[PDB]
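K.L.:
Dropping a structure here in structure tokens format, bear with me for questions.
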Amino acid sequence: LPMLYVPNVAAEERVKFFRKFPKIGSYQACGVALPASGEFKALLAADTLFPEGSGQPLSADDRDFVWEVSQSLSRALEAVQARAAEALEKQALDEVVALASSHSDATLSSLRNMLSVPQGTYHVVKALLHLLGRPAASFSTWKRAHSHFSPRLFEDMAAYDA
Amino acid sequence: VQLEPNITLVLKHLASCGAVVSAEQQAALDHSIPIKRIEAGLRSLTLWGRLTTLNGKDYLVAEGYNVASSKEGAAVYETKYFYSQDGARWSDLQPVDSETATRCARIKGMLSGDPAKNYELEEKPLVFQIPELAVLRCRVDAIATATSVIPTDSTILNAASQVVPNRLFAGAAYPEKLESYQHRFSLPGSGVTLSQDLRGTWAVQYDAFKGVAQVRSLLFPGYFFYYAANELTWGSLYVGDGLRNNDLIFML
Amino acid sequence: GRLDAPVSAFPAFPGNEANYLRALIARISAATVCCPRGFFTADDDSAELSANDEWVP
Amino acid sequence: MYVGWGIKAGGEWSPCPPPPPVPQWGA
Amino acid sequence: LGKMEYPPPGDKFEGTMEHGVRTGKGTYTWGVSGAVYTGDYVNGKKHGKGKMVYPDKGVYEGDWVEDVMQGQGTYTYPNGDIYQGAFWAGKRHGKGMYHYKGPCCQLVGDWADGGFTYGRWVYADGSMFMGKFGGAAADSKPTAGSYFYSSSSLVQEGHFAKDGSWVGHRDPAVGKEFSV
């Protein structure tokens with residue numbers, strides 16, 4: 001269902017709150033799908049749970065606006081995915097570091113434009129961050145690993161003794 | 001285009017809404033209305049409504065007038081009211097002062113049905129005695145200034161600046177919308193309709209196949225208005241004890 | 001007029017308009033349905049109301 | 001027979017107040 | 001770290017002690033009823049952030065200042081109602097919000113000594129009342145303010161009478177749901 005609307009969250013059991021404290025209002029979800037393939041990739045949602053925003057239901061104008069934004073985002077996401085898929089002893093470590101700094105920008109873009117998770121490369125990125133000494137929990141999920149992907153990574157991989 | 005509401009059509013269309021009269025009273029009205037209309041010199045006289053009482057002798061109320069004129073931006077009808085308890089003999093329902101209007105507004109409950117009774121109120125302890133017919137006349141005045149519904153653009157202004165039937169009226173374009181109806185005391189062409197009233201005080205049910213719209217007052221439950229669009233007739237009636245519904249915000 | 005409209009959020013009514021109408025029915029049917037006096041005979045072993053065959057209208 | 005709105009009359013109705021907030025354990 | 005027990009079921013402390021006196025994380029379990037406490041201590045007094053399970057299953061999680069519920073916290077009552085906000089002297093005090101479980105209504109705003117005094121009261125559908133409430137003297141009953149009903153979108157200002165009859169200052173109008 002590319003769109004769900006619960007005009008009163010109190011009437012639904014299955015709805016779940018993130019602060020674990022029941023609230024009052026309406027909720028809307030729009031499953032972002034790729035037009036060329038018909039697969040869902042994202043989910044854009046809005047709500048009016050009381051203390052933050054007035055607990056009233058959503059008018060049809062705002063629901064339609066959310067739908068339109070979901071569709072425009074589906075278009076832009078398809079386009080960006082198309083472009084990204086198109087774009088595809090110390091001496092030893094020094095050579096490795098130079099070779100990595102060569103494709104620094106290429107790998108950076110290829111990672112920062114990957115919404116899904118590559119199972120193979122993700123293990124290696126985890127291991128690299130652990131070796132460089134990261135908190136080991138600020139990258140435990142692919143969405144959190146995105147915070148590390150930056151030119152500072154290869155810089156610190158270069159500036160590393162032993 | 002009708003020239004005056006017909007009591008037969010009113011009682012026929014508003015019977016589903018429970019606005020009915022006894023059979024004897026129906027016959028008695030059929031005889032008594034013309035007599036009183038002639039002997040009072042009035043151009044129009046119709047059955048306004050029926051107020052229930054505690055002893056079973058409900059008050060029938062009739063309203064008549066001669067001509068309506070535009071004064072100070074309002075279509076003023078110099079109306080005169082009569083009451084009856086059998087449908088055969090009409091007595092006058094005399095106006096009430098402004099000071100007594102407040103006191104009778106404070107009196108609630110179903111009327112007694114005894115025109116000689118008078119209620120008591122206490123103030124700073126000065127006691128007032130208010131006759132029952134005073135209470136009746138004020139309830140009628142309140143209900144009248146609240147509803148008095150006619151279709152929009154069914155009246156028109158003439159050269160002498162008087163409000164007369166618009167004999168070229170073609171009908172309401174959208175009979176299921178509150179814009180098609182207005183208060184009687186709104187001047188023609190003033191653009192003030194029932195949609196300018198407090199939102200939620202009117203209900204409209206429109207049978208689009210037969211062409212009969214029913215407008216019910218929710219502020220004064222008991223006031224019904226009907227509009228038949230294929231024959232271009234309309235008319236209203238009040239039936240009930242005459243008290244306003246103050247809990248409306250909790251009931252919608 | 002719609003048998004599935006919401007009745008009210010507070011006080012929490014447990015049902016839709018159909019249940020509220022059933023409740024109004026159950027109250028009115030007990031408060032207002034009447035027969036002429038002496039038309040029936042009340043049994044004390046039950047609540048069954050049998051009509052006396054001798055009741056002058 | 002009944003014909004009406006289903007509204008009991010008598011003027012004995014007023015808005016319902018909130019339920020009483022539960023008091024603590026040690027009273 | 002002495003798990004100093006108290007035979008009378010009997011108490012069971014399981015935590016740390018600096019030469020007798022308690023300080024740090026610990027789990028003290030009364031034996032008369034079953035009320036347990038897991039949290040910090042100071043001089044043996046429950047102090048800091050600490051969860052408590054009372055005899056009647058009323059759970060608490062939040063701050064304590066010398067064995068009494070103080071500061072920010074969250075309480076789950078035995079019926080199901082929830083409170084989140086400021087406690088003071090072991091009661092509701094300051095700012096907070098209370099959620100009933102049955103009606104699914106909520107109260108939000110200023111409390112005073114276990115009772116609700118000012119703010120908003122919203123229903124499950126979005127309708128609300130805003131203004132001065134009764135308090136602990138009363139039973140959190142509304143006293144003076146405005147009603148907004150969502151289904152009709154109507155707004156009426158007024159107050160209550162000694163009997164509980166709503167007395168409107170004026171007729172209703174069309175308005176919005178008090179986002180003040």
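Going by the structure tokens order, chains are called A, B, ..., each with residues numbered from 1, while ligands are numbered from 1 in the order shown.
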Might you pull out every residue within 8 Å of residue 59 of chain B, with only C-alpha atoms counted and same-chain residues fewer than 3 positions away left off, and present them as number ranges by chain?
P.N.:
B: 50-53, 83-85, 113
K.L.:
The selected residues should be written to file as a PDB file, in the first residue's frame (atoms: N, CA and C atoms).
P.N.:
ATOM      1  N   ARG B  50     -47.111  25.159  17.070  1.00  0.00           N
ATOM      2  CA  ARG B  50     -47.902  24.463  18.077  1.00  0.00           C
ATOM      3  C   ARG B  50     -46.994  24.144  19.255  1.00  0.00           C
ATOM      4  N   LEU B  51     -47.300  24.719  20.409  1.00  0.00           N
ATOM      5  CA  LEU B  51     -46.496  24.547  21.607  1.00  0.00           C
ATOM      6  C   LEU B  51     -47.204  23.611  22.570  1.00  0.00           C
ATOM      7  N   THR B  52     -46.496  22.577  23.009  1.00  0.00           N
ATOM      8  CA  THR B  52     -47.081  21.568  23.874  1.00  0.00           C
ATOM      9  C   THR B  52     -47.162  22.072  25.305  1.00  0.00           C
ATOM     10  N   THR B  53     -48.180  21.602  26.021  1.00  0.00           N
ATOM     11  CA  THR B  53     -48.444  22.035  27.382  1.00  0.00           C
ATOM     12  C   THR B  53     -48.604  20.821  28.285  1.00  0.00           C
ATOM     13  N   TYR B  83     -53.361  33.289  19.162  1.00  0.00           N
ATOM     14  CA  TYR B  83     -53.240  31.965  19.741  1.00  0.00           C
ATOM     15  C   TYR B  83     -54.611  31.321  19.832  1.00  0.00           C
ATOM     16  N   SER B  84     -54.606  30.017  20.065  1.00  0.00           N
ATOM     17  CA  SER B  84     -55.838  29.257  20.180  1.00  0.00           C
ATOM     18  C   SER B  84     -55.525  27.961  20.902  1.00  0.00           C
ATOM     19  N   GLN B  85     -56.548  27.367  21.503  1.00  0.00           N
ATOM     20  CA  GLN B  85     -56.387  26.080  22.162  1.00  0.00           C
ATOM     21  C   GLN B  85     -57.353  25.037  21.629  1.00  0.00           C
ATOM     22  N   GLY B 113     -50.529  25.347  30.096  1.00  0.00           N
ATOM     23  CA  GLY B 113     -51.761  25.153  29.369  1.00  0.00           C
ATOM     24  C   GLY B 113     -52.953  25.868  29.951  1.00  0.00           C
TER      25      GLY B 113
END
K.L.:
Give me the residues of chain A that have any atom at most 12 Å from an atom of chain C; for each, the nearest atom pair and the distance in Å, rounded to one decimal. Use only C-alpha atoms, sort by chain and number, and format it as a Markdown table.
P.N.:
| residue | atom | partner | partner_atom | distance |
| --- | --- | --- | --- | --- |
| A:8 | CA | C:9 | CA | 10.8 |
| A:10 | CA | C:9 | CA | 9.9 |
| A:11 | CA | C:9 | CA | 10.6 |
| A:24 | CA | C:9 | CA | 11.6 |
K.L.:
Residues of chain E within 9 Å of chain A, using only C-alpha atoms, as a list in words?
P.N.:
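Matching residues, ligands excluded from the count: residues 82, 84, 99, 104, 105, 106, 108, 122, 123, 124, 125, 126, 127, 150, 177, 178 and 179 of chain E.
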K.L.:
Go ahead and write the residues just picked, N, CA, C and O atoms, as a PDB file, in the first residue's frame.
P.N.:
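File written: result27.pdb
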ATOM      1  N   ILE E  82      -0.368   6.742  33.327  1.00  0.00           N
ATOM      2  CA  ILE E  82       1.054   7.057  33.296  1.00  0.00           C
ATOM      3  C   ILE E  82       1.234   8.535  33.585  1.00  0.00           C
ATOM      4  O   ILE E  82       0.421   9.361  33.165  1.00  0.00           O
ATOM      5  N   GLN E  84       4.378  11.555  33.473  1.00  0.00           N
ATOM      6  CA  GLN E  84       5.745  11.916  33.132  1.00  0.00           C
ATOM      7  C   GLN E  84       5.953  13.381  33.447  1.00  0.00           C
ATOM      8  O   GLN E  84       5.205  14.231  32.955  1.00  0.00           O
ATOM      9  N   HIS E  99      -1.568  10.545  31.497  1.00  0.00           N
ATOM     10  CA  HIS E  99      -2.325   9.835  30.480  1.00  0.00           C
ATOM     11  C   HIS E  99      -3.171   8.765  31.145  1.00  0.00           C
ATOM     12  O   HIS E  99      -2.633   7.825  31.740  1.00  0.00           O
ATOM     13  N   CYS E 104      -8.300   7.165  27.391  1.00  0.00           N
ATOM     14  CA  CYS E 104      -7.208   7.611  26.527  1.00  0.00           C
ATOM     15  C   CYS E 104      -7.153   9.129  26.408  1.00  0.00           C
ATOM     16  O   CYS E 104      -6.686   9.662  25.404  1.00  0.00           O
ATOM     17  N   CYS E 105      -7.613   9.842  27.425  1.00  0.00           N
ATOM     18  CA  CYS E 105      -7.456  11.285  27.479  1.00  0.00           C
ATOM     19  C   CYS E 105      -6.155  11.631  28.186  1.00  0.00           C
ATOM     20  O   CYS E 105      -5.493  10.774  28.766  1.00  0.00           O
ATOM     21  N   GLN E 106      -5.783  12.903  28.130  1.00  0.00           N
ATOM     22  CA  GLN E 106      -4.536  13.336  28.736  1.00  0.00           C
ATOM     23  C   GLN E 106      -4.691  14.722  29.331  1.00  0.00           C
ATOM     24  O   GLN E 106      -5.500  15.528  28.870  1.00  0.00           O
ATOM     25  N   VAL E 108      -2.152  18.011  30.523  1.00  0.00           N
ATOM     26  CA  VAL E 108      -0.806  18.506  30.268  1.00  0.00           C
ATOM     27  C   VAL E 108      -0.686  19.905  30.842  1.00  0.00           C
ATOM     28  O   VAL E 108      -1.484  20.787  30.503  1.00  0.00           O
ATOM     29  N   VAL E 122      -6.989  17.067  26.879  1.00  0.00           N
ATOM     30  CA  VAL E 122      -7.366  16.692  25.525  1.00  0.00           C
ATOM     31  C   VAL E 122      -7.932  15.283  25.529  1.00  0.00           C
ATOM     32  O   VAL E 122      -7.543  14.435  26.338  1.00  0.00           O
ATOM     33  N   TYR E 123      -8.877  15.044  24.626  1.00  0.00           N
ATOM     34  CA  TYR E 123      -9.537  13.755  24.528  1.00  0.00           C
ATOM     35  C   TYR E 123      -8.840  12.909  23.474  1.00  0.00           C
ATOM     36  O   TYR E 123      -7.858  13.321  22.859  1.00  0.00           O
ATOM     37  N   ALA E 124      -9.366  11.712  23.244  1.00  0.00           N
ATOM     38  CA  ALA E 124      -8.765  10.841  22.245  1.00  0.00           C
ATOM     39  C   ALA E 124      -8.998  11.355  20.833  1.00  0.00           C
ATOM     40  O   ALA E 124      -8.241  11.007  19.923  1.00  0.00           O
ATOM     41  N   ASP E 125     -10.025  12.175  20.625  1.00  0.00           N
ATOM     42  CA  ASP E 125     -10.381  12.620  19.286  1.00  0.00           C
ATOM     43  C   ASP E 125      -9.782  13.968  18.917  1.00  0.00           C
ATOM     44  O   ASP E 125      -9.840  14.352  17.747  1.00  0.00           O
ATOM     45  N   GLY E 126      -9.223  14.695  19.873  1.00  0.00           N
ATOM     46  CA  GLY E 126      -8.640  15.991  19.626  1.00  0.00           C
ATOM     47  C   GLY E 126      -9.336  17.130  20.329  1.00  0.00           C
ATOM     48  O   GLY E 126      -8.762  18.219  20.423  1.00  0.00           O
ATOM     49  N   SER E 127     -10.554  16.920  20.819  1.00  0.00           N
ATOM     50  CA  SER E 127     -11.243  17.956  21.570  1.00  0.00           C
ATOM     51  C   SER E 127     -10.495  18.243  22.860  1.00  0.00           C
ATOM     52  O   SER E 127      -9.831  17.370  23.418  1.00  0.00           O
ATOM     53  N   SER E 150     -13.777  19.209  18.439  1.00  0.00           N
ATOM     54  CA  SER E 150     -13.156  19.054  17.131  1.00  0.00           C
ATOM     55  C   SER E 150     -14.164  18.668  16.062  1.00  0.00           C
ATOM     56  O   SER E 150     -14.104  19.187  14.944  1.00  0.00           O
ATOM     57  N   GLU E 177      -7.646  24.775  18.131  1.00  0.00           N
ATOM     58  CA  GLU E 177      -7.491  23.915  19.306  1.00  0.00           C
ATOM     59  C   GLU E 177      -6.357  24.346  20.234  1.00  0.00           C
ATOM     60  O   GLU E 177      -5.549  23.517  20.643  1.00  0.00           O
ATOM     61  N   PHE E 178      -6.300  25.616  20.627  1.00  0.00           N
ATOM     62  CA  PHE E 178      -5.497  26.065  21.768  1.00  0.00           C
ATOM     63  C   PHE E 178      -4.063  25.530  21.721  1.00  0.00           C
ATOM     64  O   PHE E 178      -3.643  24.729  22.554  1.00  0.00           O
ATOM     65  N   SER E 179      -3.315  25.977  20.719  1.00  0.00           N
ATOM     66  CA  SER E 179      -1.915  25.595  20.619  1.00  0.00           C
ATOM     67  C   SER E 179      -1.001  26.518  21.416  1.00  0.00           C
ATOM     68  O   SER E 179       0.216  26.508  21.199  1.00  0.00           O
TER      69      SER E 179
END
K.L.:
Please determine the contact residues of chain C with respect to chain B at a cut-off of 12 Å, counting only C-alpha atoms, and supply them as an MDAnalysis selection string.
P.N.:
chainID C and resid 1 6:11
K.L.:
Considering only C-alpha atoms, return as a list in words whatever protein or nucleic-acid residues lie within 12 Å of residue 121 of chain A, sequence-local ones (same chain, fewer than 4 positions apart) excluded.
P.N.:
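That gives residues 107, 110, 111, 114, 116, 117, 125, 126, 127, 128, 142 and 145 of chain A.
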K.L.:
Residues at most 8 Å from residue 49 of chain E, counting only C-alpha atoms, excluding those fewer than 6 positions away in the same chain, as a count of residues only?
P.N.:
6
K.L.:
Give me the residues of chain B that have any atom at most 12 Å from an atom of chain D; for each, the nearest atom pair and the distance in Å, rounded to one decimal. Use only C-alpha atoms, sort by chain and number, and format it as a tab-separated table.
P.N.:
residue	atom	partner	partner_atom	distance
B:15	CA	D:3	CA	11.1
B:16	CA	D:3	CA	9.5
B:17	CA	D:4	CA	8.4
B:18	CA	D:3	CA	6.8
B:19	CA	D:3	CA	10.3
B:20	CA	D:3	CA	11.4
B:108	CA	D:11	CA	9.9
B:109	CA	D:10	CA	8.4
B:110	CA	D:10	CA	10.1
B:216	CA	D:5	CA	11.9
B:218	CA	D:5	CA	10.7
B:221	CA	D:5	CA	9.0
B:222	CA	D:4	CA	9.8
B:239	CA	D:4	CA	11.7
B:240	CA	D:4	CA	11.1
B:241	CA	D:9	CA	11.2
B:243	CA	D:9	CA	11.1
B:244	CA	D:11	CA	11.8
B:245	CA	D:11	CA	10.5
B:246	CA	D:11	CA	10.3
B:247	CA	D:14	CA	8.6
B:248	CA	D:7	CA	11.9
B:249	CA	D:15	CA	10.7
B:250	CA	D:15	CA	7.9
B:251	CA	D:7	CA	9.8
K.L.:
What's around residue 102 of chain B at 12 Å? Count only C-alpha atoms, leave out sequence neighbours fewer than 4 positions away in its own chain, and write the answer as a ChimeraX atom specification.
P.N.:
/B:96-98,106-107,121,128,130,134-135,138-139,142
K.L.:
Give me, as an MDAnalysis selection string, all polymer residues having an atom no more than 10 Å from residue 86 of chain B, counting only C-alpha atoms and skipping those fewer than 4 positions away in the same chain.
P.N.:
chainID B and resid 22 24:26 28:29 57:60 90
K.L.:
Check every residue of chain E for an atom within 10 Å of chain D, counting only C-alpha atoms, and provide those that qualify as an MDAnalysis selection string.
P.N.:
chainID E and resid 54:58 75 77:83 90:92 98:100 102:103 105:107 114:116 121 136 138:142 160 163:167
K.L.:
Hey, can you spit out that residue selection with C-alpha atoms as a short mmCIF file (atom, residue, chain, number, x, y, z; two decimals), in the first residue's frame?
P.N.:
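And here's again.cif as it stands now:
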data_model
loop_
_atom_site.label_atom_id
_atom_site.label_comp_id
_atom_site.auth_asym_id
_atom_site.auth_seq_id
_atom_site.Cartn_x
_atom_site.Cartn_y
_atom_site.Cartn_z
CA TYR E 54 5.91 -0.71 44.96
CA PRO E 55 3.70 -3.36 46.62
CA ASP E 56 0.67 -2.55 44.44
CA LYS E 57 2.87 -2.85 41.29
CA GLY E 58 3.04 0.92 40.80
CA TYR E 75 5.31 6.68 37.17
CA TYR E 77 0.09 3.35 38.24
CA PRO E 78 -1.53 -0.04 38.89
CA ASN E 79 -4.56 0.58 36.67
CA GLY E 80 -2.48 1.71 33.70
CA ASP E 81 -2.34 5.48 33.92
CA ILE E 82 1.05 7.06 33.30
CA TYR E 83 2.64 10.26 34.54
CA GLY E 90 6.83 12.34 46.36
CA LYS E 91 3.87 13.74 44.41
CA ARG E 92 3.04 15.45 41.13
CA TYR E 98 -0.83 12.44 32.81
CA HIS E 99 -2.33 9.84 30.48
CA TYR E 100 -5.41 7.86 31.46
CA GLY E 102 -9.35 3.80 29.83
CA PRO E 103 -10.62 6.96 28.15
CA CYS E 105 -7.46 11.29 27.48
CA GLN E 106 -4.54 13.34 28.74
CA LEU E 107 -3.80 16.29 31.00
CA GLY E 114 -0.47 15.75 43.36
CA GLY E 115 -3.27 17.64 41.64
CA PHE E 116 -3.73 19.39 38.31
CA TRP E 121 -7.06 18.48 28.86
CA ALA E 136 -5.87 18.79 44.73
CA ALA E 138 -10.98 19.54 44.06
CA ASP E 139 -10.36 16.42 41.99
CA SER E 140 -8.70 18.08 38.99
CA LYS E 141 -12.11 19.23 37.81
CA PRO E 142 -12.21 22.10 35.31
CA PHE E 160 -18.69 25.89 35.85
CA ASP E 163 -23.45 21.92 40.78
CA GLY E 164 -21.31 21.33 37.70
CA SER E 165 -23.52 23.09 35.16
CA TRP E 166 -21.50 24.63 32.36
CA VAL E 167 -22.18 28.37 32.06
#
K.L.:
Per DSSP on the backbone, what are the strand (DSSP E or B) residues of segment 12-171 of chain E, as JSON, numbers by chain?
P.N.:
{"E": [12, 13, 14, 15, 16, 17, 18, 21, 22, 23, 24, 25, 26, 27, 28, 29, 36, 37, 38, 39, 40, 41, 42, 45, 46, 47, 48, 49, 50, 51, 52, 53, 59, 60, 61, 62, 63, 64, 69, 70, 71, 72, 73, 74, 75, 76, 82, 83, 84, 85, 86, 87, 88, 91, 92, 93, 94, 95, 96, 97, 98, 99, 106, 107, 108, 109, 110, 111, 112, 115, 116, 117, 118, 119, 120, 121, 122, 128, 129, 130, 131, 132, 133, 142, 143, 144, 145, 146, 147, 148, 149, 154, 155, 156, 157, 158, 159, 160, 166, 167, 168]}
